[PDB]
Structures are given as C-alpha cells and as structure tokens.
$ cat query_5.txt   # compact mmCIF, C-alpha atoms
# COMPACT_ATOMS: atom_id res chain seq x y z
CA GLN A 788 -15.64 -21.40 -22.25
CA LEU A 789 -18.53 -20.12 -24.44
CA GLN A 790 -19.67 -16.53 -23.70
CA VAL A 791 -21.98 -14.04 -25.54
CA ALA A 792 -19.86 -11.52 -27.50
CA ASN A 793 -20.71 -8.10 -26.01
CA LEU A 794 -19.27 -5.93 -28.83
CA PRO A 795 -18.23 -2.32 -28.03
CA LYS A 796 -20.54 0.46 -29.21
CA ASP A 797 -19.13 3.21 -31.46
CA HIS A 798 -16.51 5.37 -29.61
CA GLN A 799 -18.49 8.62 -29.46
CA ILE A 800 -16.50 11.52 -27.92
CA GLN A 801 -16.11 11.30 -24.11
CA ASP A 802 -18.05 14.25 -22.71
CA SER A 803 -17.43 14.62 -18.92
CA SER A 804 -21.12 15.23 -17.92
CA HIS A 805 -21.25 13.81 -14.33
CA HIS A 806 -25.08 13.28 -14.63
CA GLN A 807 -24.35 10.08 -16.66
CA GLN A 808 -23.04 8.38 -13.45
CA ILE A 809 -26.47 8.88 -11.76
CA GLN A 810 -28.40 7.21 -14.64
CA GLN A 811 -25.76 4.41 -14.67
CA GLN A 812 -26.40 3.78 -10.91
CA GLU A 813 -30.24 3.98 -11.43
CA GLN A 814 -29.88 1.20 -14.07
CA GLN A 815 -27.38 -0.84 -11.95
CA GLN A 816 -29.79 -0.84 -8.93
CA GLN A 817 -32.71 -1.97 -11.18
CA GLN A 818 -30.41 -4.66 -12.71
CA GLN A 819 -29.40 -5.83 -9.17
CA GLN A 820 -33.13 -6.30 -8.35
CA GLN A 821 -33.70 -8.12 -11.72
CA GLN A 822 -30.62 -10.36 -10.94
CA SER A 823 -32.72 -11.98 -8.14
CA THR A 824 -35.35 -13.45 -10.59
CA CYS A 825 -34.00 -13.17 -14.20
CA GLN A 826 -31.15 -15.68 -13.52
CA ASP A 827 -32.27 -18.16 -16.25
CA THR A 828 -31.46 -15.64 -19.06
CA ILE A 829 -28.55 -15.87 -21.59
CA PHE A 830 -27.29 -12.56 -20.04
CA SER A 831 -26.85 -14.46 -16.69
CA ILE A 832 -24.23 -17.08 -17.82
CA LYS A 833 -22.46 -18.54 -14.73
CA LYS A 834 -18.93 -19.97 -15.32
CA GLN A 835 -19.43 -23.70 -16.06
CA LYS A 836 -17.30 -26.71 -15.05
CA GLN A 837 -15.77 -28.79 -17.90
CA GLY A 838 -18.70 -30.63 -19.63
CA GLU A 839 -21.32 -28.83 -17.41
CA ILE A 840 -23.92 -27.81 -20.07
CA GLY A 841 -26.27 -25.05 -18.78
CA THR A 842 -29.87 -24.37 -19.91
CA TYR A 843 -30.44 -20.66 -20.66
CA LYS A 844 -33.70 -18.90 -21.71
CA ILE A 845 -33.38 -16.77 -24.88
CA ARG A 846 -35.86 -14.99 -27.21
CA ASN A 847 -36.30 -16.27 -30.79
CA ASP A 848 -36.06 -14.24 -34.08
CA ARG A 849 -32.53 -12.63 -34.04
CA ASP A 850 -28.82 -13.08 -34.79
CA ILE A 851 -26.35 -13.19 -31.80
CA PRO A 852 -22.48 -13.19 -31.77
CA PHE A 853 -20.57 -15.57 -29.41
CA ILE A 854 -16.91 -15.73 -28.24
CA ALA A 855 -14.71 -18.77 -27.46
CA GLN A 856 -12.72 -17.63 -24.38
CA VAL A 857 -9.47 -19.64 -23.86
CA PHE A 858 -7.57 -20.04 -20.55
CA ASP A 859 -4.39 -21.57 -19.19
CA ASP A 860 -5.21 -24.24 -16.53
CA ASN A 861 -4.04 -22.01 -13.73
CA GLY A 862 -7.32 -20.26 -14.88
CA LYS A 863 -5.80 -17.14 -16.62
CA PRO A 864 -6.97 -15.95 -20.08
CA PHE A 865 -4.09 -15.66 -22.61
CA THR A 866 -3.19 -12.11 -23.85
CA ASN A 867 -2.94 -13.67 -27.29
CA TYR A 868 -4.06 -17.18 -28.44
CA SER A 869 -4.39 -16.51 -32.26
CA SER A 870 -2.52 -19.78 -33.13
CA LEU A 871 -5.54 -22.10 -32.40
CA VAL A 872 -8.26 -23.48 -34.78
CA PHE A 873 -11.94 -23.49 -33.61
CA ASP A 874 -14.99 -25.69 -34.43
CA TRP A 875 -18.49 -24.09 -34.19
CA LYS A 876 -21.51 -26.50 -33.91
CA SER A 877 -25.27 -26.72 -33.19
CA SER A 878 -27.52 -29.79 -32.58
CA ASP A 879 -30.13 -28.37 -35.05
CA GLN A 880 -29.45 -25.84 -37.86
CA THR A 881 -33.20 -25.07 -38.21
CA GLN A 882 -33.61 -23.91 -34.54
CA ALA A 883 -30.13 -22.23 -34.23
CA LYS A 884 -27.47 -21.87 -36.95
CA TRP A 885 -23.93 -20.46 -37.27
CA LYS B 591 3.77 -35.90 6.71
CA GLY B 592 2.11 -37.43 9.82
CA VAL B 593 2.58 -34.26 12.02
CA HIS B 594 -0.21 -31.72 12.75
CA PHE B 595 -0.41 -28.55 14.89
CA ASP B 596 -0.38 -29.36 18.68
CA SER B 597 -3.77 -27.52 19.09
CA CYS B 598 -6.34 -25.58 16.99
CA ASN B 599 -9.12 -23.15 18.02
CA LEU B 600 -10.78 -21.92 14.79
CA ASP B 601 -14.38 -22.93 15.36
CA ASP B 602 -16.35 -20.34 13.24
CA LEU B 603 -15.81 -22.16 9.88
CA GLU B 604 -17.95 -21.52 6.74
CA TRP B 605 -19.70 -24.96 6.73
CA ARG B 606 -22.31 -25.60 3.93
CA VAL B 607 -24.51 -28.25 2.40
CA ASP B 608 -24.12 -28.14 -1.42
CA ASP B 609 -26.86 -29.13 -3.94
CA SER B 610 -25.65 -31.16 -6.97
CA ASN B 611 -27.91 -29.55 -9.67
CA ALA B 612 -27.34 -25.78 -8.94
CA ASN B 613 -25.49 -25.05 -12.24
CA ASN B 614 -27.04 -21.88 -13.80
CA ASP B 615 -29.36 -19.88 -11.57
CA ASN B 616 -27.60 -16.79 -10.14
CA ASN B 617 -30.91 -15.88 -8.37
CA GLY B 618 -31.76 -15.17 -4.66
CA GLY B 619 -34.56 -17.81 -4.59
CA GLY B 620 -35.72 -19.45 -1.32
CA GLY B 621 -35.18 -23.05 -2.57
CA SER B 622 -37.50 -25.69 -1.01
CA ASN B 623 -35.74 -27.57 1.85
CA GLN B 624 -37.49 -30.85 0.85
CA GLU B 625 -35.29 -32.30 -1.96
CA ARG B 626 -32.02 -32.55 0.11
CA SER B 627 -30.70 -35.81 1.61
CA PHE B 628 -28.98 -33.82 4.43
CA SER B 629 -29.24 -30.72 6.66
CA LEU B 630 -26.50 -28.88 8.66
CA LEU B 631 -27.49 -28.82 12.37
CA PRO B 632 -27.43 -25.58 14.47
CA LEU B 633 -24.63 -25.01 16.99
CA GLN B 634 -26.20 -25.08 20.48
CA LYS B 635 -25.64 -22.17 22.93
CA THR B 636 -25.09 -24.60 25.83
CA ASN B 637 -21.86 -24.71 27.94
CA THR B 638 -18.61 -24.82 25.88
CA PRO B 639 -17.74 -28.50 25.11

$ encode --input "query_5.txt" --output "structure tokens"
Amino acid sequence: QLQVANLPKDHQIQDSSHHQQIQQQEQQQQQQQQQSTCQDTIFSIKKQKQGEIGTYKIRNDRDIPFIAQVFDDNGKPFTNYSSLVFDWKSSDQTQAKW
Amino acid sequence: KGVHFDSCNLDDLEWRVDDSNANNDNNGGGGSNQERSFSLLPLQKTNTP
C-alpha cells in the first residue's frame, strides 16, 4: 500500500507536564469533528483493495514524502523487508514529480 | 460436509446493504437513499413467526 510518510519530529527531552494531555484531547476532539466532513483529504487515506485507486484532495505548491508499506498476505507488515526493489511513478511529472 | 446444526436461534444479525463506490470517504454523511437498487426491510413487531 501507498501511505503518506509521517516523519518523526526531533526528539526534544520528555518533560512530564500533565497539561500537554489536555491540549492533546482538545485537538483530538476537534479532529474527530473534522473527521465527519474532511474525509476527502490526503490525511484521510482509507486502506484500499488491490487496484482500488482512491481520489484524495491535496493542496498544491509543496514537497511531500510517501512510504511503500509491504505486507504478508495474512495481512501483517514485515519487521524487515529491505531485500525488495521499488518503482516510483506519476502520470504527469509537471503536476506531481518524484 | 452435508451436515448442519439441528437448530439455530441467532436472529439479531448485522445485516447491511453495501454501496459499490464507497472507497475513500471516512465521513459521517447522510448519503441520499435514491441511487441504490435495493433497501433492507424493517423487522415487524408482530407475533413471533
């Protein structure tokens, strides 16, 4: 499957300030309301069937990293698969380009 | 193969109609009940059949 590559942020030192959990829940409840309407967005990728191409809305004028997630066909991701060779493509290298 | 259980009461099943185009949209939208070929009928609250 294709997915957007959500990179980690920098590992800043883990302060234990409990207040952060409140502002995380404030954002999660707003995101749960936005998840009713914003479902067309590239951040809302639903796991496709084989060959089931999905339309997703995305804003222009940026670079974006993607990840090729590989599974066994019991459905499990492999804990390493660094023996495979990948092939990255676009229908138009003016509109969107690796 | 060719044998079943002698009886089954398990009536509350999670029956659905599925729509063939619903690929992307993880959204709580009230989709228009006009484009479907079929509808699931209500269970009556008449005497037990």

$ interface_residues --input "query_5.txt" --of "chain A" --to "chain B" --cutoff "9 Å" --atoms "all atoms listed in the file" --output "ChimeraX atom specification"
/A:821-828,831-836,839-843

$ atom_distance --input "query_5.txt" --atom1 "CA of residue 629 (chain B)" --atom2 "CA of residue 611 (chain B)"
16.4 Å

$ residues_around --input "query_5.txt" --residues "residue 868 (chain A)" --least-positions-apart "6" --cutoff "12 Å" --atoms "only C-alpha atoms" --output "PDB file with C-alpha atoms, in the frame of the given file"
ATOM      1  CA  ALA A 855     -14.710 -18.770 -27.460  1.00  0.00           C
ATOM      2  CA  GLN A 856     -12.720 -17.630 -24.380  1.00  0.00           C
ATOM      3  CA  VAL A 857      -9.470 -19.640 -23.860  1.00  0.00           C
ATOM      4  CA  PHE A 858      -7.570 -20.040 -20.550  1.00  0.00           C
ATOM      5  CA  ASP A 859      -4.390 -21.570 -19.190  1.00  0.00           C
TER       6      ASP A 859
END

$ residues_around --input "query_5.txt" --residues "residue 601 (chain B)" --least-positions-apart "3" --cutoff "12 Å" --atoms "all atoms listed in the file" --output "list in words"
residues 598, 604, 605, 633, 638 and 639 of chain B

$ residues_near_point --input "query_5.txt" --point "(-27.1, -27.2, -0.2)" --cutoff "10 Å" --atoms "all atoms listed in the file" --output "JSON, numbers by chain"
{"B": [606, 607, 608, 609, 610, 611, 612, 621, 623, 625, 626, 627, 628, 629, 630]}

$ closest_residue --input "query_5.txt" --among "A:847, A:869, A:811, A:863" --to "residue 882 (chain A)" --atoms "only C-alpha atoms"
A:847

$ atom_distance --input "query_5.txt" --atom1 "CA of residue 862 (chain A)" --atom2 "CA of residue 591 (chain B)"
28.9 Å

$ atom_distance --input "query_5.txt" --atom1 "CA of residue 807 (chain A)" --atom2 "CA of residue 852 (chain A)"
27.8 Å

$ residues_around --input "query_5.txt" --residues "residue 883 (chain A)" --least-positions-apart "5" --cutoff "10 Å" --atoms "all atoms listed in the file" --output "JSON, numbers by chain"
{"A": [847, 848, 849, 850, 876, 877, 878]}
